[PDB]
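Following: one structure in structure tokens, then a few remarks.
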Amino acid sequence: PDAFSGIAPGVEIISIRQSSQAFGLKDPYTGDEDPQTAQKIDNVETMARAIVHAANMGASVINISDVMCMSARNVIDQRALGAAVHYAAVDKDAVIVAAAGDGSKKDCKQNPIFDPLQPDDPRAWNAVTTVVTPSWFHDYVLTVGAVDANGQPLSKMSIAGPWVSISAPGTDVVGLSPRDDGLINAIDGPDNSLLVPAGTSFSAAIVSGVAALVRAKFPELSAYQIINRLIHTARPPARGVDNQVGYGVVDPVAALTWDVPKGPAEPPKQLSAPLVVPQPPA
Amino acid sequence: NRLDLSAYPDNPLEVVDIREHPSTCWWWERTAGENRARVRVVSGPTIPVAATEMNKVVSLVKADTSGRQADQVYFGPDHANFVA
Amino acid sequence: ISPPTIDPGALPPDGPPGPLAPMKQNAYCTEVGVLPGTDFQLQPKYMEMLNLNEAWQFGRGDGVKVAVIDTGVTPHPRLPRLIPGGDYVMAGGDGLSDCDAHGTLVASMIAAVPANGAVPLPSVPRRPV
């Protein structure tokens, strides 16, 4: 009667409400700081608290499908958020998955890609014009980009930063309905128009499910090792590494069965070899 | 009906002597205009390449010692240059 | 713009969830529906890439706890293992209500249980909006 089902029907999920557009401050005056920037500092501080709390609850996988876009200029001090991520990623061994952020939000702008004229940095960190946090901490967080149901990247809707590391589907979304007992496909927009959801916030969900299955089969591996198992098994883009999709498209069956080397990626020492010229006849 | 029992074969195995057949291959094939890709396993005394063409196998250099790069490559008839 | 740097001494202290300043609701929760002509008897097109029928042989991921930090989740008879963790937007909130319709899609897309001839739990104590 119904074909829908979750990626990992056996998991247990903890719900925490940390952000919402339906609520507002009931003393709008904010003083010295502009009311628009004043709200971002409140989100950064509240975000750090939620991550620490979720880790102490014992969660092994943390999914963050709501991220903040910020300009390269006028960047806010992340000190509290940086320390909270480290505590959860190292001392509590949690795997943190975050969405790359959608181009439809208020302040997200498209970042520049790799430049062949400057091989100094293959990811082009110096050209960044906008930052997405906590996705920014590429040493401890796995950022997921989006692709359509066929595999083509959604160039018009995902922010192509240097932190992007993997990608998964993000179209033809389906799910259970709030305020009812059935399934849904769209949401009422500002107008009477029936708006259809899509974007990276759903791609981060798919990878959160796959990560749960993998560290159910290999309970001995640490968080850092589980991430390497997913990255090395993805199907790569035409440049081997690309800011539009990271290392590639996720591949479940591969991550669960291939013999991925336990150490991090290392390049070869040297590429040349001697030519064995035949012995001349007398 | 509450047990699978689908994994076991219906009769004893015909174990092939590896001393006679030291070569085995995984084979994948798809015909244009078909919805399914076929997978089969092959075994034999030597690689499944014609005895006359055995001389024109190409031996690659092997910079990557991690064991995930082949040693030899062969382009038989009906090969493909542009691939997705 | 160099990559981030961190000072582990700054992590915030633990404590019960609550907003930094008092807040009030400003808008009515968003409505939902279905697009014309859809048929839920066919699998979503995105499931073909994942090949889930083969991946589930090793198990359905039993015993793993996934934390969903988002706009909250609304209980449904298809989510039998939901735990309320807390609320930072409204004081005294369980973090178990979804006014933006965004949290239940993300959560249900991960753990929703497949169909069956009878519902697992027939109870429906759901609170109003």
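The chains in the structure tokens are called A, B, ... from first to last as shown; in each chain the residues are counted from 1, and the ligands are counted from 1 in the order shown.
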Per residue of stretch 231-260 of chain A within 10 Å of stretch 122-131 of chain A, note the shortest atom pair and the distance in Å to one decimal, counting only C-alpha atoms, and order the rows by chain and increasing residue number, as a Markdown table.
| residue | atom | partner | partner_atom | distance |
| --- | --- | --- | --- | --- |
| A:241 | CA | A:123 | CA | 8.5 |
| A:242 | CA | A:123 | CA | 7.9 |
| A:243 | CA | A:123 | CA | 7.0 |
Grab the residues selected above and save them as a PDB file, in the first residue's frame with N, CA, C and O atoms.
ATOM      1  N   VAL A 241      39.100  15.731  -7.743  1.00  0.00           N
ATOM      2  CA  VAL A 241      38.578  16.475  -6.602  1.00  0.00           C
ATOM      3  C   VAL A 241      37.964  17.752  -7.149  1.00  0.00           C
ATOM      4  O   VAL A 241      38.614  18.464  -7.918  1.00  0.00           O
ATOM      5  N   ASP A 242      36.731  18.059  -6.760  1.00  0.00           N
ATOM      6  CA  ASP A 242      36.065  19.235  -7.307  1.00  0.00           C
ATOM      7  C   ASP A 242      35.250  19.930  -6.227  1.00  0.00           C
ATOM      8  O   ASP A 242      34.533  19.272  -5.472  1.00  0.00           O
ATOM      9  N   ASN A 243      35.367  21.257  -6.151  1.00  0.00           N
ATOM     10  CA  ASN A 243      34.605  22.012  -5.163  1.00  0.00           C
ATOM     11  C   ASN A 243      33.099  21.932  -5.370  1.00  0.00           C
ATOM     12  O   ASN A 243      32.346  22.298  -4.465  1.00  0.00           O
TER      13      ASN A 243
END
_Which residues are near residue C:11? Cut-off 6 Å, only C-alpha atoms, ignore same chain within fewer than 2 positions. Put them as a ChimeraX atom specification._
/A:80,83-84 /C:9
*Which neighbours of stretch 88-104 of chain C fall inside 8 Å, counting only C-alpha atoms, when residues of the same chain fewer than 5 positions from it are skipped, and could you give them as an MDAnalysis selection string?*
(chainID A and resid 15:23 46 175:178 187) or (chainID C and resid 17:19 22:24 28:32 70:75 129)
File of the preceding selection, N, CA, C and O atoms, as a short mmCIF file (atom, residue, chain, number, x, y, z; two decimals), in the first residue's frame:
data_model
loop_
_atom_site.label_atom_id
_atom_site.label_comp_id
_atom_site.auth_asym_id
_atom_site.auth_seq_id
_atom_site.Cartn_x
_atom_site.Cartn_y
_atom_site.Cartn_z
N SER A 15 15.62 14.22 19.04
CA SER A 15 15.23 15.47 18.41
C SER A 15 15.55 16.66 19.30
O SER A 15 15.28 16.63 20.50
N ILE A 16 16.16 17.69 18.71
CA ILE A 16 16.52 18.92 19.40
C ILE A 16 16.10 20.06 18.48
O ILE A 16 16.42 20.05 17.29
N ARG A 17 15.40 21.04 19.03
CA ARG A 17 14.93 22.18 18.26
C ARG A 17 15.85 23.35 18.58
O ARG A 17 15.88 23.83 19.72
N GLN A 18 16.61 23.79 17.58
CA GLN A 18 17.60 24.84 17.75
C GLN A 18 17.37 26.08 16.90
O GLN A 18 17.96 27.12 17.20
N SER A 19 16.55 26.01 15.85
CA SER A 19 16.34 27.16 14.99
C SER A 19 14.94 27.12 14.42
O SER A 19 14.37 26.05 14.23
N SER A 20 14.39 28.30 14.14
CA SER A 20 13.06 28.39 13.54
C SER A 20 12.82 29.82 13.11
O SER A 20 13.27 30.76 13.78
N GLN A 21 12.13 29.98 11.99
CA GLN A 21 11.76 31.28 11.46
C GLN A 21 10.44 31.81 11.99
O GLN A 21 10.15 33.00 11.81
N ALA A 22 9.63 30.98 12.63
CA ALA A 22 8.35 31.41 13.16
C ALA A 22 8.44 32.18 14.46
O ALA A 22 7.44 32.77 14.87
N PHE A 23 9.59 32.23 15.12
CA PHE A 23 9.71 32.90 16.40
C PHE A 23 10.61 34.13 16.32
O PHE A 23 11.54 34.18 15.51
N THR A 46 24.22 29.71 20.30
CA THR A 46 23.23 28.66 20.57
C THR A 46 23.58 27.36 19.85
O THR A 46 23.28 26.28 20.36
N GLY A 175 8.23 12.19 2.25
CA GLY A 175 8.34 11.99 3.68
C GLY A 175 7.00 12.01 4.38
O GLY A 175 5.97 12.37 3.79
N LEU A 176 7.02 11.64 5.66
CA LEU A 176 5.82 11.63 6.48
C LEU A 176 5.28 13.04 6.66
O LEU A 176 6.01 14.03 6.55
N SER A 177 3.98 13.13 6.92
CA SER A 177 3.38 14.44 7.02
C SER A 177 3.17 14.91 8.45
O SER A 177 2.60 14.17 9.26
N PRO A 178 3.61 16.11 8.79
CA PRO A 178 3.24 16.71 10.07
C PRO A 178 1.75 16.99 10.10
O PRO A 178 1.10 17.07 9.05
N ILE A 187 4.86 21.87 0.08
CA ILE A 187 4.47 22.76 1.17
C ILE A 187 3.85 24.02 0.59
O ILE A 187 4.24 24.49 -0.49
N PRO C 17 18.66 23.29 28.48
CA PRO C 17 18.35 24.14 27.32
C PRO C 17 17.37 25.27 27.60
O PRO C 17 16.40 25.12 28.35
N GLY C 18 17.64 26.43 26.99
CA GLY C 18 16.81 27.60 27.12
C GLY C 18 17.35 28.74 26.28
O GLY C 18 18.56 28.86 26.08
N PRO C 19 16.47 29.60 25.77
CA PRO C 19 16.92 30.72 24.95
C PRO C 19 17.72 31.75 25.73
O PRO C 19 17.67 31.82 26.96
N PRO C 22 13.91 36.16 26.18
CA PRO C 22 12.53 35.72 25.97
C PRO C 22 12.06 35.93 24.53
O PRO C 22 12.42 36.92 23.89
N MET C 23 11.26 34.99 24.03
CA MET C 23 10.77 35.02 22.66
C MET C 23 9.28 34.70 22.60
O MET C 23 8.72 34.11 23.52
N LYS C 24 8.65 35.11 21.49
CA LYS C 24 7.23 34.86 21.25
C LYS C 24 7.03 34.43 19.80
O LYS C 24 7.80 34.81 18.92
N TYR C 28 1.91 31.86 11.86
CA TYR C 28 1.17 30.60 11.87
C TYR C 28 1.96 29.51 11.14
O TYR C 28 2.59 29.76 10.11
N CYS C 29 1.90 28.28 11.67
CA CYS C 29 2.67 27.18 11.10
C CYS C 29 2.24 26.89 9.66
O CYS C 29 1.05 26.97 9.33
N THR C 30 3.21 26.55 8.82
CA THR C 30 2.98 26.34 7.39
C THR C 30 2.23 25.04 7.08
O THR C 30 2.48 24.00 7.70
N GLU C 31 1.31 25.11 6.12
CA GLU C 31 0.51 23.97 5.67
C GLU C 31 1.27 23.13 4.64
O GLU C 31 2.22 23.58 4.01
N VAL C 32 0.82 21.88 4.46
CA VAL C 32 1.45 20.91 3.57
C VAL C 32 0.40 20.21 2.69
O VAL C 32 -0.80 20.29 2.94
N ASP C 70 17.78 20.41 14.64
CA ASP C 70 17.08 21.12 13.58
C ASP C 70 15.89 21.87 14.16
O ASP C 70 15.94 22.33 15.30
N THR C 71 14.83 22.02 13.36
CA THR C 71 13.57 22.65 13.73
C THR C 71 12.61 21.72 14.51
O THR C 71 11.42 22.02 14.60
N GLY C 72 13.11 20.64 15.10
CA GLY C 72 12.29 19.69 15.82
C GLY C 72 11.56 18.70 14.93
O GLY C 72 11.57 18.79 13.71
N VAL C 73 10.91 17.74 15.58
CA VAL C 73 10.17 16.66 14.91
C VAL C 73 8.83 16.44 15.58
O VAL C 73 8.70 16.55 16.80
N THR C 74 7.80 16.12 14.76
CA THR C 74 6.47 15.83 15.27
C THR C 74 6.25 14.32 15.26
O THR C 74 6.44 13.68 14.23
N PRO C 75 5.82 13.73 16.38
CA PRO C 75 5.62 12.28 16.43
C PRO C 75 4.56 11.80 15.45
O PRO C 75 3.62 12.51 15.12
N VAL C 129 -1.62 22.23 17.30
CA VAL C 129 -0.58 23.15 16.81
C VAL C 129 -0.75 24.54 17.41
O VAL C 129 -1.85 25.10 17.43
#
*asked:* According to DSSP computed on the backbone, where in chain C is there strand (DSSP E or B)? Give the residues as an MDAnalysis selection string.
replied: chainID C and resid 23:25 32:33 65:71 82:87
Can you write out as a tab-separated table which residues of chain A fall within 12 Å of chain B, alongside each residue's closest atom pair and its distance in Å to one decimal, counting only C-alpha atoms and ordering rows by chain and ascending residue number?
residue	atom	partner	partner_atom	distance
A:151	CA	B:84	CA	11.7
A:232	CA	B:68	CA	11.6
A:235	CA	B:84	CA	11.6
A:236	CA	B:84	CA	11.7
A:237	CA	B:84	CA	11.0
A:238	CA	B:84	CA	10.2
A:258	CA	B:68	CA	11.6
A:259	CA	B:68	CA	10.5
A:260	CA	B:68	CA	10.0
A:261	CA	B:66	CA	8.3
A:262	CA	B:66	CA	11.3
A:263	CA	B:66	CA	10.6
A:264	CA	B:66	CA	11.5
A:265	CA	B:66	CA	9.9
A:266	CA	B:66	CA	9.2
A:267	CA	B:64	CA	7.8
A:268	CA	B:64	CA	5.7
A:269	CA	B:63	CA	7.7
A:270	CA	B:63	CA	6.6
A:271	CA	B:63	CA	5.2
A:272	CA	B:63	CA	7.7
A:273	CA	B:61	CA	7.3
A:274	CA	B:61	CA	10.0
A:275	CA	B:61	CA	10.5
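When only C-alpha atoms are used to compute distances to residue A:57, the closest of the residues A:82, A:30, A:36, A:13 turns out to be A:13.
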*Excluding residue C:49 and residues on its chain fewer than 5 positions from it, collect all residues at most 10 Å away from it, counting only C-alpha atoms, and give them as a PyMOL selection string.*
chain A and resi 149-151+168-169+249-252
Selection file, C-alpha atoms, as a compact mmCIF listing (two decimals), in the first residue's frame:
# COMPACT_ATOMS: atom_id res chain seq x y z
CA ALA A 149 18.44 11.79 -9.49
CA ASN A 150 20.57 11.11 -12.59
CA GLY A 151 23.92 12.19 -11.10
CA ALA A 168 24.24 12.58 -2.52
CA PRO A 169 20.78 12.92 -4.13
CA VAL A 249 28.87 10.37 -5.15
CA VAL A 250 28.25 8.15 -2.12
CA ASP A 251 28.09 4.38 -2.70
CA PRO A 252 26.51 2.30 0.11
*Would you list, as a ChimeraX atom specification, the residues of chain B that end up in helix (DSSP H, G or I) under DSSP run on this structure's backbone?*
/B:53-56
*asked:* Within 6 Å of chain A, which residues belong to chain C? Use only C-alpha atoms and report them as a ChimeraX atom specification.
replied: /C:6-8,10-11,23-27,31-34,40-41,43,46,55,60-72,81-88,95,105-106,108-114
File dump, residues just selected, N, CA and C atoms, as a compact mmCIF listing (two decimals), in the first residue's frame:
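Here's the written file again26.txt:
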# COMPACT_ATOMS: atom_id res chain seq x y z
N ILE C 6 41.42 26.61 16.33
CA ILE C 6 40.59 26.41 17.51
C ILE C 6 41.35 26.45 18.83
N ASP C 7 40.65 26.94 19.86
CA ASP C 7 41.13 27.02 21.24
C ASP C 7 40.22 26.15 22.10
N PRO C 8 40.62 24.93 22.44
CA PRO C 8 39.73 24.03 23.20
C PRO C 8 39.30 24.53 24.58
N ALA C 10 37.70 27.26 25.32
CA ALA C 10 36.49 28.08 25.22
C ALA C 10 35.16 27.32 25.15
N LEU C 11 35.13 26.00 25.19
CA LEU C 11 33.85 25.31 25.06
C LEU C 11 32.86 25.76 26.14
N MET C 23 11.26 34.99 24.03
CA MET C 23 10.77 35.02 22.66
C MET C 23 9.28 34.70 22.60
N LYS C 24 8.65 35.11 21.49
CA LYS C 24 7.23 34.86 21.25
C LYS C 24 7.03 34.43 19.80
N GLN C 25 5.98 33.65 19.56
CA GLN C 25 5.65 33.22 18.21
C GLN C 25 5.07 34.37 17.38
N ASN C 26 5.58 34.55 16.16
CA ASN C 26 5.12 35.62 15.29
C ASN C 26 4.28 35.18 14.10
N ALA C 27 4.32 33.91 13.69
CA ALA C 27 3.56 33.49 12.51
C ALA C 27 2.92 32.12 12.69
N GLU C 31 1.31 25.11 6.12
CA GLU C 31 0.51 23.97 5.67
C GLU C 31 1.27 23.13 4.64
N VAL C 32 0.82 21.88 4.46
CA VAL C 32 1.45 20.91 3.57
C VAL C 32 0.40 20.21 2.69
N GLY C 33 0.88 19.53 1.65
CA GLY C 33 -0.02 18.82 0.75
C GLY C 33 0.73 17.93 -0.23
N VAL C 34 0.02 17.45 -1.26
CA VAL C 34 0.59 16.57 -2.29
C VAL C 34 0.44 17.15 -3.69
N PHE C 40 2.19 7.04 -4.57
CA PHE C 40 3.07 6.51 -3.54
C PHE C 40 3.31 5.01 -3.63
N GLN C 41 2.76 4.31 -4.61
CA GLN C 41 3.03 2.88 -4.72
C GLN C 41 4.32 2.58 -5.47
N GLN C 43 8.42 3.36 -5.95
CA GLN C 43 9.52 3.84 -5.14
C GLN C 43 10.01 5.22 -5.58
N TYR C 46 15.05 8.48 -6.18
CA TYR C 46 16.37 8.53 -5.54
C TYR C 46 16.82 7.21 -4.92
N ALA C 55 21.92 -3.60 0.26
CA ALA C 55 22.61 -3.07 1.44
C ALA C 55 22.00 -3.53 2.76
N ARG C 60 19.57 -3.65 9.41
CA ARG C 60 18.89 -2.37 9.30
C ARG C 60 19.47 -1.29 10.22
N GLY C 61 20.67 -1.49 10.75
CA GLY C 61 21.27 -0.48 11.61
C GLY C 61 20.72 -0.43 13.02
N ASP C 62 20.42 -1.57 13.62
CA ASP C 62 19.85 -1.60 14.96
C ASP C 62 20.84 -1.14 16.03
N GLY C 63 20.33 -0.36 16.99
CA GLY C 63 21.12 0.13 18.11
C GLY C 63 21.97 1.38 17.93
N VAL C 64 21.76 2.17 16.88
CA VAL C 64 22.54 3.38 16.62
C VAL C 64 21.68 4.59 16.97
N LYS C 65 22.25 5.54 17.72
CA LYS C 65 21.55 6.77 18.10
C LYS C 65 21.98 7.93 17.21
N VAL C 66 21.03 8.52 16.49
CA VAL C 66 21.26 9.64 15.59
C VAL C 66 20.59 10.88 16.17
N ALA C 67 21.35 11.95 16.38
CA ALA C 67 20.80 13.20 16.89
C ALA C 67 20.48 14.15 15.74
N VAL C 68 19.25 14.66 15.71
CA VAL C 68 18.80 15.59 14.68
C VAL C 68 18.66 17.01 15.23
N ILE C 69 19.71 17.81 15.13
CA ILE C 69 19.66 19.20 15.58
C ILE C 69 19.03 20.02 14.46
N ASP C 70 17.78 20.41 14.64
CA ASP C 70 17.08 21.12 13.58
C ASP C 70 15.89 21.87 14.16
N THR C 71 14.83 22.02 13.36
CA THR C 71 13.57 22.65 13.73
C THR C 71 12.61 21.72 14.51
N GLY C 72 13.11 20.64 15.10
CA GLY C 72 12.29 19.69 15.82
C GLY C 72 11.56 18.70 14.93
N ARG C 81 10.53 5.19 17.72
CA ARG C 81 11.67 5.35 18.62
C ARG C 81 12.21 6.78 18.57
N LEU C 82 11.38 7.72 19.03
CA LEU C 82 11.69 9.14 19.07
C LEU C 82 11.88 9.56 20.52
N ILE C 83 12.96 10.29 20.80
CA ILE C 83 13.29 10.76 22.14
C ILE C 83 13.38 12.28 22.14
N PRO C 84 12.65 12.98 23.01
CA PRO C 84 12.70 14.45 23.12
C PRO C 84 13.98 14.89 23.82
N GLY C 85 14.80 15.68 23.13
CA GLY C 85 16.06 16.14 23.69
C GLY C 85 16.10 17.55 24.27
N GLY C 86 15.20 18.44 23.85
CA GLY C 86 15.18 19.80 24.36
C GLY C 86 14.93 20.89 23.34
N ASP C 87 14.70 22.11 23.83
CA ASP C 87 14.37 23.25 22.99
C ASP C 87 15.13 24.50 23.39
N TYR C 88 15.72 25.19 22.40
CA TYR C 88 16.44 26.43 22.63
C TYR C 88 15.72 27.66 22.09
N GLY C 95 11.10 20.22 22.33
CA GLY C 95 11.77 20.05 21.06
C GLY C 95 11.11 18.93 20.30
N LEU C 105 10.52 16.13 7.73
CA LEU C 105 10.96 15.51 6.48
C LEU C 105 12.35 14.91 6.65
N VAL C 106 13.28 15.67 7.22
CA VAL C 106 14.64 15.18 7.42
C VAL C 106 14.66 13.96 8.32
N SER C 108 12.07 11.87 9.16
CA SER C 108 11.36 10.73 8.60
C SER C 108 12.06 10.11 7.40
N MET C 109 12.89 10.87 6.71
CA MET C 109 13.63 10.36 5.57
C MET C 109 14.77 9.43 5.99
N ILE C 110 15.14 9.44 7.27
CA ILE C 110 16.17 8.56 7.82
C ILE C 110 15.60 7.32 8.49
N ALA C 111 14.69 7.48 9.44
CA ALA C 111 14.22 6.36 10.26
C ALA C 111 12.79 5.88 10.05
N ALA C 112 12.03 6.40 9.11
CA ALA C 112 10.66 5.91 8.98
C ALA C 112 10.64 4.42 8.68
N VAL C 113 9.77 3.70 9.38
CA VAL C 113 9.56 2.25 9.29
C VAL C 113 8.67 1.88 8.11
N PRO C 114 8.94 0.78 7.41
CA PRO C 114 8.12 0.39 6.27
C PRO C 114 6.69 0.02 6.66
Would you mind listing what lies within 12 Å of residue B:20 as a PDB file with N, CA, C and O atoms, in the first residue's frame, with only C-alpha atoms counted and same-chain residues fewer than 2 positions away left out?
ATOM      1  N   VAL B  15      34.476 -28.760  -6.834  1.00  0.00           N
ATOM      2  CA  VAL B  15      35.653 -27.911  -6.644  1.00  0.00           C
ATOM      3  C   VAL B  15      36.685 -28.100  -7.747  1.00  0.00           C
ATOM      4  O   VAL B  15      37.201 -29.203  -7.967  1.00  0.00           O
ATOM      5  N   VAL B  16      36.976 -27.005  -8.454  1.00  0.00           N
ATOM      6  CA  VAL B  16      37.945 -26.943  -9.546  1.00  0.00           C
ATOM      7  C   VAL B  16      39.356 -26.942  -8.975  1.00  0.00           C
ATOM      8  O   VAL B  16      39.625 -26.298  -7.956  1.00  0.00           O
ATOM      9  N   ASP B  17      40.264 -27.671  -9.618  1.00  0.00           N
ATOM     10  CA  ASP B  17      41.655 -27.726  -9.174  1.00  0.00           C
ATOM     11  C   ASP B  17      42.414 -26.479  -9.614  1.00  0.00           C
ATOM     12  O   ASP B  17      42.647 -26.268 -10.808  1.00  0.00           O
ATOM     13  N   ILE B  18      42.804 -25.655  -8.637  1.00  0.00           N
ATOM     14  CA  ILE B  18      43.550 -24.421  -8.881  1.00  0.00           C
ATOM     15  C   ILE B  18      44.899 -24.691  -9.523  1.00  0.00           C
ATOM     16  O   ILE B  18      45.463 -23.813 -10.181  1.00  0.00           O
ATOM     17  N   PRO B  22      44.840 -21.824 -12.779  1.00  0.00           N
ATOM     18  CA  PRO B  22      45.371 -20.768 -11.921  1.00  0.00           C
ATOM     19  C   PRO B  22      44.877 -19.369 -12.251  1.00  0.00           C
ATOM     20  O   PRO B  22      45.393 -18.408 -11.678  1.00  0.00           O
ATOM     21  N   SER B  23      43.914 -19.219 -13.152  1.00  0.00           N
ATOM     22  CA  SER B  23      43.413 -17.918 -13.569  1.00  0.00           C
ATOM     23  C   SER B  23      41.895 -17.857 -13.479  1.00  0.00           C
ATOM     24  O   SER B  23      41.201 -18.795 -13.875  1.00  0.00           O
ATOM     25  N   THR B  24      41.389 -16.738 -12.958  1.00  0.00           N
ATOM     26  CA  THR B  24      39.961 -16.506 -12.783  1.00  0.00           C
ATOM     27  C   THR B  24      39.669 -15.039 -13.062  1.00  0.00           C
ATOM     28  O   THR B  24      40.503 -14.173 -12.795  1.00  0.00           O
ATOM     29  N   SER B  43      36.907 -19.030 -15.385  1.00  0.00           N
ATOM     30  CA  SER B  43      38.141 -19.661 -14.935  1.00  0.00           C
ATOM     31  C   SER B  43      38.774 -20.398 -16.109  1.00  0.00           C
ATOM     32  O   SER B  43      38.091 -20.780 -17.060  1.00  0.00           O
ATOM     33  N   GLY B  44      40.090 -20.598 -16.043  1.00  0.00           N
ATOM     34  CA  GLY B  44      40.791 -21.293 -17.099  1.00  0.00           C
ATOM     35  C   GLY B  44      42.278 -21.442 -16.850  1.00  0.00           C
ATOM     36  O   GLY B  44      42.806 -21.012 -15.824  1.00  0.00           O
ATOM     37  N   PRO B  45      42.982 -22.078 -17.789  1.00  0.00           N
ATOM     38  CA  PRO B  45      44.425 -22.250 -17.623  1.00  0.00           C
ATOM     39  C   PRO B  45      45.209 -20.964 -17.787  1.00  0.00           C
ATOM     40  O   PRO B  45      46.299 -20.840 -17.219  1.00  0.00           O
ATOM     41  N   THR B  46      44.690 -20.011 -18.557  1.00  0.00           N
ATOM     42  CA  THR B  46      45.360 -18.745 -18.813  1.00  0.00           C
ATOM     43  C   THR B  46      44.309 -17.664 -19.020  1.00  0.00           C
ATOM     44  O   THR B  46      43.113 -17.941 -19.125  1.00  0.00           O
TER      45      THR B  46
END
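Here atom CA of residue A:112 stands at a distance of 20.2 Å from atom CA of residue A:142.
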